[PDB]
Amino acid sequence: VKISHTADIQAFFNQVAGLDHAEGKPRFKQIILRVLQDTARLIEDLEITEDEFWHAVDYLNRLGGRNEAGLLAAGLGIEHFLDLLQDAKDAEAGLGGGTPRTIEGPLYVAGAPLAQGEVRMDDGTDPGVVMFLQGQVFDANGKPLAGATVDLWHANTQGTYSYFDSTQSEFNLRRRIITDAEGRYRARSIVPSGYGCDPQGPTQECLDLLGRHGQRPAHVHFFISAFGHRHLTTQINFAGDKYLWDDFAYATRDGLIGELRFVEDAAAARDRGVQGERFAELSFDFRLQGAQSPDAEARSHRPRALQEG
């Protein structure tokens, strides 16, 4: 039984959307008219039962109250899909950039501590592997851009991010590094762990029904931007991780894999500001695009922890 195609019902969705008056935005009205016609068709095409419909509405309350809506768009590949479409859109406008882009994720936090060229990122709490992170920011041509900001955040060895994990100290593993004259950034930190969604959370309960896992490879998030250049959201995925190419949020891309190198020496005392038995080294450069508007460097208006806007 299909009633959604009758004028009787199109007239009803019409008034729900608000086309019954002159207040509100003629934009949502068009979007809600659409969201309603489509929602109705699924229900009629897949014959969703009342029980299915109401468990969805309720799941939706729980997804909301654990605050995992961004985590689910990510797990359903919706976030990756947007970058694909952003890419196809750039192909048309002929904006063949430098470093590829990849999903942002739901765990960013504004205003992290700021530093010139060098910074240590960890609070010296963990039994991790020190990781030395370094590279340059490049221009459209292949040149050093002094003064670009590389905004980075990553999980700790337990695989969690500060701020959401209260056990962690303020902005742990979170910093804004300013590139120096040679356009480089240096970061002393720790190898982050891959992580999974909360096993008893809304996102995973959905993935379970999909028969899917909710794991991600060890990675490091970046927000890179420079006066007169196009803002870039990307990640460095660590080489060798079991999930490198099986990420539940499908963010891993070619050219986005970091090659990690291990240096072993019980006594790394002299030679590099280290001390012993082992540490990681990783170098990765970002190449930006010429901006063609202030819009270019500006981050989405996506809401984020602490941007208080």
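In case it trips you up, residue 1 is the first one in the sequence shown, and so on.
When 266-274 is weighed against 61-69, 266-274 comes out higher, by mean CA B-factor as recorded in the entry.
Annotation for 122-130 versus 172-180: the higher mean temperature factor (C-alpha) is found in 122-130. Across the options 74, 210, 145, 224, the residue with the most elevated CA B-factor in the record is 145. Per the PDB entry, 199 shows the highest C-alpha temperature factor of the residues 135, 199, 192, 113. The deposited CA B-factor of residue 235 belongs to the lowest third of values across its chain. Placement of the Cα temperature factor of residue 158 within the chain: middle third of the modelled residues, per the deposited record. Ranked by C-alpha B-factor against the other modelled residues of its chain, residue 91 falls in the highest third. In the PDB entry, residue 85 places in the middle third of its chain by CA B-factor. In the deposited entry, the Cα temperature factor of residue 260 places it in the highest third of its chain's modelled residues.
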